[PDB]
Amino acid sequence: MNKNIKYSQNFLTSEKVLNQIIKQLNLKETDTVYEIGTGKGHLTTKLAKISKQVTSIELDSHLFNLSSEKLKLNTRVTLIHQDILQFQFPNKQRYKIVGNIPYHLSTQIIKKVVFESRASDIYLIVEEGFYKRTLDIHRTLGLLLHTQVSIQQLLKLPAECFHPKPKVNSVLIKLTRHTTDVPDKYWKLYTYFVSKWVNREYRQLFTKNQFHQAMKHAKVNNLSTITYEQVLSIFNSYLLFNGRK
């Protein structure tokens, strides 16, 4: 009726939606709980309640804010200041790096941590096209960071709590930083393989439609949606016929 929403106000009011996916992560305990990105003001200290290793990478509202670590405050609680990446990303054991993306820079941190860290459970919360830049190995960027992490879109928010009229959709990508699907040696050989297999060098990588038949066999008609799993096998075959495997 008369209602009253004809002004110019906008709020995220999504403390339940985003706080939901982070509260549903449900970790084990041997997986640290890192939260990279920016500093909203409602998380991190709580994300620690899950595991026994918490540490803030941005803003100084963590550590001294954690309401007395119920863990006897004698585990991994540390506050970083300025440059980080090689300052926090540790090694050995398991971790849960759940951080969003500033939307202006991040692939760099996800690059070193995914290049030598053992996150195992990395959750990147982004809103725009970062999740698509990964599943899309047709850019060599998501593929380079895909062979080291098995991602699986799980949560998807169209920004309903983003009043009045949202614009972007923030989703949670369940990345799984594992060992490596491609031998670091044939890894550089893998990216290139993608390059030509991206633009349209299918008749160039195939000696005579032989691999083409391997594509139809893998129900991989259109690889445009392909995530990277196919390029992993398809290429693996080229690696067994040439001599780089």
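Parameters and conventions
Residues numbered from 1 in each chain as written, not as in the entry; some residues may be left out. Heavy atoms only, no water. Helix = DSSP H or I, 4+ residues; strand = E, 2+ residues; numbered from the N terminus. Buried < 20%, exposed > 50% of the residue type's maximum accessible area, 1.4 Å probe, protein only. Contact = heavy atoms within 4.5 Å. Areas by Shrake-Rupley, 256 points an atom, 1.4 Å probe, with all protein chains shown as cover. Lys, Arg positive; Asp, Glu negative; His and termini not counted. Charge placed at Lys NZ, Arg CZ, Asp CG, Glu CD. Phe/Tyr/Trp six-rings, centres within 6.5 Å; stacked < 30°, edge-to-face > 60°. 1 Å grid on protein atoms, 1.4 Å probe; cavity = no way out; pocket = protein on both sides within 12 Å on 5 of 7 lines; lining within 4 Å. Points joined across faces, edges and corners; volume = space filled by probe spheres on them. Salt bridge = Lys/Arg side-chain N within 4 Å of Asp/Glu carboxyl O. Domains from an automatic or database assignment. Buried area = accessible area lost by both parts, 1.4 Å probe. Nonpolar A, V, L, I, M, F, W, Y, C, P; charged D, E, K, R; others polar. Pairing = 2+ DSSP bridges. Axes fitted to C-alpha atoms, helices over the stretch in contact; angles between N-to-C directions.

Draft legend 1. Up close: the overall build of the chain. Each helix and strand in the chain was counted, giving nine helices and seven strands. Along the first, second and third principal axes, the C-alpha set of the chain runs to 65 × 55 × 30 Å. Counting the 245 residues in the chain, one finds 42% classified as buried. Expressed as a percentage of contacts within the chain between residues at least 6 apart in sequence, the contacts between residues at least 24 apart total 61%. Carbon and sulfur atoms make up 48% of the accessible area of the chain, which amounts to about 15,800 Å² in all. In the chain, the 36 positive side-chain charges and the 18 negative ones have mean positions that sit 6 Å from each other.

Draft legend 2. Looking closely at the packing of aromatic side chains. Tallied over the entire structure, the rule returns nine aromatic pairs. With centroids separated by 6.1 Å and ring planes inclined at 65°, the aromatic side chains of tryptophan 197 and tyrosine 202 adopt a geometry described as edge-to-face. As far as burial versus exposure is concerned, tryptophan 197 and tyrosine 202 are alike and both buried. Aromatic rings pair up to connect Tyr190, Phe193, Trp197, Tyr202, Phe206, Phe211, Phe235, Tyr238 and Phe241 into one cluster.

Draft legend 3. Representation of empty space enclosed by the protein within the structure. Counted according to the given criterion, the structure contains three cavities of 30 Å³ or more. Roughly 80 Å³ of volume is contained in the largest cavity. If you go around the largest cavity, the residues you meet are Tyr34, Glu35, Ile36, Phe89, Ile97, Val98, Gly99, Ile109, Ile110, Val113, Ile122 and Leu124. Elements that contribute at least two residues to the lining of the largest cavity include exactly β1 (31-35), β4 (94-100), α3 (107-116) and β5 (120-127). There is about 40 Å³ of room inside the second largest cavity. Lining the second largest cavity are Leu205, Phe206, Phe211, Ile234, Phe235 and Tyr238.

Draft legend 4. Seen up close, unusual backbone geometry. At the junction of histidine 163 and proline 164, the peptide bond is cis and its omega measures out at 0° in the coordinates. The backbone of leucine 73 shows a phi angle near 35°, a positive value even though the residue is not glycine. Position of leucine 73 among the secondary structure elements: in the loop between β2 (53-56) and β3 (76-79). Phi at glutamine 93 takes a positive value of approximately 80°, unusual for a residue other than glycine. Note on placement: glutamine 93 falls in the loop between β3 and β4. Of the residues examined, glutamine 93 reaches a relative accessible area of 47% and is grouped as partly exposed.

Draft legend 5. Local environment of the pattern of salt bridges. Applying the stated rule across the entire model yields one salt bridge. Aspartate 121 serves as the salt-bridge partner of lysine 96, at 3.4 Å between the closest nitrogen and oxygen. Taken together, the residues span a long stretch of sequence, with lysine 96 in strand β4 and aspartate 121 in strand β5 at a distance of 25 residues. Taking relative accessible area as the criterion, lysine 96 reaches 0% and is therefore assigned buried.

Draft legend 6. Focus on the domain arrangement of the chain. Each assigned domain of the chain is listed here: domain 1 (1-133 + 148-179) and domain 2 (134-147 + 180-245). Averaged C-alpha coordinates put domain 1 and domain 2 at centres separated by 31 Å. Facing the 13 residues of domain 1 at the interface are 13 residues of domain 2. For the pair domain 1 and domain 2, the two sides together bury roughly 1,200 Å², of which 55% comes from carbon and sulfur. For the domain 1 face of the interface with domain 2, the top three residues by lost area are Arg133, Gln148 and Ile151, together amounting to 41%. At the junction of domain 1 with domain 2, the criterion picks out zero salt bridges. Every element with two or more residues in the side of domain 1 that touches domain 2 is listed here: α3 and α4 (130-135). In terms of residue count, the dominant contributor to the side of domain 1 that touches domain 2 is α4 (four residues). Class assignment of the residues belonging to the side of domain 1 that touches domain 2 gives a composition of six nonpolar, four polar and three charged.

Draft legend 7. Representation of the sheet that holds β4 in the model. If you walk across this open sheet you meet the seven strands as β3-β2-β1-β4-β5-β7-β6, and the pairing is mixed. Single-partner strands in this sheet number two, and they are β3 and β6 (153-157). Across the sheet, the mean angle separating the axes of adjacent strands is 10° when strand polarity is ignored. One ladder, built from four bridges, connects β6 with strand β7 (residues 170-175); its direction is antiparallel. From the neighbouring strand, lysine 156 faces β7, where its bridge partner is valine 171.

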